[PDB]
């Protein structure tokens, strides 16, 4: 059997409710040895080793967990056939993309969680975890970057996003679709991501102890500039704008960010709009202001690539090419 390491970080898959039909619970309550033993069939398709890295709700996910996870996987790559990371759904799409750019291991790295607490009727965690291990054990899963396996679907860490607050089917790759579908432990893979990932990226966090400070500001009618101004006064290295439409900024946010960019704050235009690219050549002259367009990266993912971009360069022209290749 392949050797699979489960790195547990918490989430609703480790999530514990008061009853089976009542929606109240706490993420990150159950340990990894209890997750594995709840699904005995795991032991017939893989030699499973668990470690608990942290036990938090992914709403509390942060740079320190991200750095720990990249280093652990890079370090233990040689000692295992594949990794499964149990994680909350809330920021799974962020950790998946971060590991997609930082992991130098091209063994399957699969992230999995659950939308329903382990204590609820029709808990999705068990089958998700089973299918995550199936995916991490498949040689065909190798070299596709960091994968998210939820609801019988293998999704790439770059395009995967939580599209719904409660549905077991919430995770979708809203721009380019999934890599594969799992039926009876077999994966019909018809796609692989084209942007560079894992071992093909220049980002190496092995020596990094902290990442550049990147904040996100929301745009909306009558938007306040206070959020943008607070991040600039705090000396943030980068700001992502969750623009309206094709990455457009409310006038006062535009002014504050246009200024901050002249003073060498990195500014990426992304969109609150869940699907499609924030493009160049629309209503914002990026060249004039030193702004980067995020393409299909949504604000929280844009933050991820900007943080890693700002470990190599502060040049907007170079951050743009980073955003066009990763």
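Positions refer to the first chain, counted from 1.
Q: If you average the Cα B factors in the entry, which is higher, 203-211 or 237-245?
A: The recorded data point to 203-211.
Q: Would you tell me which stretch averages the higher CA B-factor in the PDB entry, 226-234 or 188-196?
A: The stretch with the larger average C-alpha B-factor is 226-234.
Q: Checking the record values for 297, 67, 38, 266, which has the greatest CA B factor?
A: Among 297, 67, 38, 266, the highest C-alpha B-factor in the entry belongs to 38.
Q: Determine, from the deposited record, the chain-internal third of the Cα B-factor for residue 279: lowest, middle or highest.
A: It falls in the middle third of the chain.
Q: Based on the deposited C-alpha B factors for this chain, I'd like to know if residue 128 is in the lowest, middle or highest third.
A: According to the entry, residue 128 has a C-alpha B-factor in the chain's lowest third.
Q: Test of reading the entry: by CA B factor among the chain's modelled residues, which third contains residue 48?
A: Ranked within chain, residue 48 CA B lands in the middle tercile.
Q: Which third, lowest, middle or highest, does the CA B-factor of residue 34 fall in along this chain?
A: Its C-alpha B-factor belongs to the highest third of this chain's values.
Q: Would you mind checking where the Cα B-factor of residue 271 ranks among the modelled residues of its chain, as the lowest, middle or highest third?
A: For residue 271, the deposited C-alpha B-factor lands in the lowest third.
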